[PDB]
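Participant:
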Amino acid sequence: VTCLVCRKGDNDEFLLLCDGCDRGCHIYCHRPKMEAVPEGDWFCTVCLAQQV
Ligand SMILES: [Zn+2]
Ligand SMILES: [Zn+2]
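Quick note: to get UniProt numbering, add 1676 to the position in the sequence shown (first position is 1).
1. Given a cut-off of 9 angstroms on the beta-carbon distance, is the pair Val-1713 and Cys-1697 in contact?
2. In the structure shown, what three-state DSSP assignment does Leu-1724 receive?
3. Please name the residue, chosen from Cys-1694, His-1706 and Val-1681, that lies closest to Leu-1724 on a Cα-to-Cα basis.
4. Count the other CB atoms, across all protein chains shown, that sit within 10 Å of the CB of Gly-1700; report buried if there are 16 or more and exposed otherwise.
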């Protein structure tokens, strides 16, 4: 798994994994600000584009 924004896979305890696909994102690369790893489901922007 690699971060969509910065393209690195380091600091994996900070690295969110998408519940709809194999993609990821560091909480510190997310905008708007994300202080912590959320408890519930997280969907990347590519999965959001499939919603209705
Ligand atoms: Zn990143
Ligand atoms: Zn996704």
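Backbone N, C-alpha and C define an ideal beta-carbon position, used for all residues, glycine too.
Facilitator: Once the coordinates are examined:
1. no
2. Correct three-state label for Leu-1724: helix.
3. Selected option, being the one with the closest Cα: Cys-1694.
4. Result: buried.
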